[PDB]
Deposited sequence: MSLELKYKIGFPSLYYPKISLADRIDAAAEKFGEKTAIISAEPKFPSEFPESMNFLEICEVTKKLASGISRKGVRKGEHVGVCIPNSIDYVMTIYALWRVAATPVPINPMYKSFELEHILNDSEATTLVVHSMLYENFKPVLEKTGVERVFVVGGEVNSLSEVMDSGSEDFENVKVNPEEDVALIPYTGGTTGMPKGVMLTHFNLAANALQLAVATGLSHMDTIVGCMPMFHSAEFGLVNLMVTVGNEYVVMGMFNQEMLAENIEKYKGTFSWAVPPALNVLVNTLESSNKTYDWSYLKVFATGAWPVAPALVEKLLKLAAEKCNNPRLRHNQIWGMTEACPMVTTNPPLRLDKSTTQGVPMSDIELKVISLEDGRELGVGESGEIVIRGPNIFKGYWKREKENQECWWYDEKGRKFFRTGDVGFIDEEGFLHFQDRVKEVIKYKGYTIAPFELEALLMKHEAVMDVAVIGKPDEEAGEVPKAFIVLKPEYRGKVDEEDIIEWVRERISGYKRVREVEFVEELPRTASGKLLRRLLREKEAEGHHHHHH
């Protein structure tokens, strides 16, 4: 019962290595500035900015060097580097070698690092020197055989590049079968295997849906190790836009960079937008966001009140009375962009929009599994060229998240509940429905049994081995966990 009909056009997706686009981007955009490093910034082994020819050449050399150093096709390579041109150059080089990077959250500590490395069975690690100490304590406990340190004195990127040749040729791949990236889903952690075809397709889908092109300049403030921000970074080599890097989220600097670099687009998760709005609200500064067309939100639904506040402040303090809001919905298993509002209907920016190119979305009944109609809530299921191959080392899960239609077509059960309105727009309602700390605490030699609970701030109830009573206080535990996890336990209470 649709009263309005709108969607995004079917596209053609080429069967290519994600690396071919690096080459193509160099040939099509040449000297156009591809990426620029802005404040705040972490130490880098690259210049402040680079054009497509430089990205092309630098990545060929790094690929050759890393390859000669032992990295092989399909190898799982842990990559832990904060937002920077270095992170991008690393991932791209790995793609030229047809290796499989495993993005690792820079905020992770000992415990988290050991476990994602072991779960993913990474045999190589590229880490920023500033983060190396976090890995050192547990590296020997993993399968990592090779370590490269961005900005290090030993095995740095430039050193690897000096050993590489500029005449490197992309390693051939089966686009639809070979895994190009394994981001871990941030409940029950698991690696999502995304093929070259999946990511190549999501880039085109994303470009066509948002309208982002060679005329745009994207200012990124969200974590690059997350598929969302990186999905935006990867547009560079797809449509030739410019990307502005920020080492970390800093509301004030985000506002300045949008002005300084004449940003045409940016986005943030809701809580970050709230911090930016409050900083604009209390500040006595004036900004020039006259080129900013859209500031989007993602990860989770934003409050309409927050969006209104942004657009008002943008008009009263950012010399931008025409700014529009929009949002993209999706999940890691989808590269991860799925839906967004078409520019023709930005007035529906409070909904999750419609499916991007070639994505088919249905609402499935939680009672009997039948397909539901307009206005009816049920689990959202999706099909498209961007839908993941499956979870890494998770046999069970790989056989429980599927839905097939009458023609044998496979859909992914998102685990999300929602409904489609009369205009065809998606309304995400909710997901269908701590331990890491216990698992951590469980390795402390003095521990016999641990139980962690929330406390309005986590609090742990530990059962010391009789042999340790009085030998370890509630403070020794607090410090111990602090040094091993990002989440840390706040208060500890011991008892029999």
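Can you give me the gaps, meaning deposited-sequence stretches with no C-alpha coordinates, in sequence order?
Those parts of the chain that were deposited but carry no coordinates are 1-3, 190-192, 440-450, 474-479, 510-514, 525-549.
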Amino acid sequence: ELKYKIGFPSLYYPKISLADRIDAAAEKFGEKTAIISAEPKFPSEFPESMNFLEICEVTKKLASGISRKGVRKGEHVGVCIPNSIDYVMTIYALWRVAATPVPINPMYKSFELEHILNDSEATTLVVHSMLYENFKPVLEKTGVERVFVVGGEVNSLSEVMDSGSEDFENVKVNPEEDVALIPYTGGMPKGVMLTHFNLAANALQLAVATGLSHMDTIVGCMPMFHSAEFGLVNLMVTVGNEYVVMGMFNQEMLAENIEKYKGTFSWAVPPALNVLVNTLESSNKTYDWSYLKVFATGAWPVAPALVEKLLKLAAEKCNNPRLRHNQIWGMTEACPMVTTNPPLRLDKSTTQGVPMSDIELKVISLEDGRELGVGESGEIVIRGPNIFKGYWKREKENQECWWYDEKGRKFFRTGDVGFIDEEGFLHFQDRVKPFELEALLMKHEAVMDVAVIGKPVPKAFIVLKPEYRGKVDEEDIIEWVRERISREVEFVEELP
From here on, numbers count along this sequence of modelled residues.
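Going by the average Cα B-factor in the PDB entry, point out whether 472-480 or 7-15 comes out higher.
That would be 472-480.
With reference to the PDB entry, specify whether the mean Cα temperature factor is higher for 212-220 or for 163-171.
Taking the mean B-factor of the alpha carbons in each, 163-171 is higher.
Highest Cα B-factor in the PDB entry belongs to which of 26, 36, 463, 58?
In this record, 463 carries the highest C-alpha B-factor of the candidates.
Of the options 227, 129, 155, 238, which has the highest CA B factor as deposited?
Comparing C-alpha B-factors across 227, 129, 155, 238, the maximum falls on 155.
Could you look up the Cα B-factor of residue 428 in the entry and say which third of the chain it sits in: lowest, middle or highest?
For residue 428, whose C-alpha B-factor we compare with every modelled residue in the chain, the answer is the middle third.
Please place residue 41 in the lowest, middle or highest third of its chain by C-alpha B factor as given in the entry.
As the PDB entry reports it, the C-alpha B-factor of residue 41 lands in the middle third of its chain.
Could you say whether, by C-alpha temperature factor, residue 413 belongs to the lowest, middle or highest third of its chain?
Within its chain, residue 413 is a lowest-third residue by C-alpha B-factor, going by the deposited values.
Compared with the other modelled residues in the chain, in which third is the CA B-factor of residue 182?
Lowest third.
Among the modelled residues of this chain, does the Cα B factor of residue 50 put it in the lowest, middle or highest third?
Lowest third of the chain for residue 50's C-alpha B-factor.
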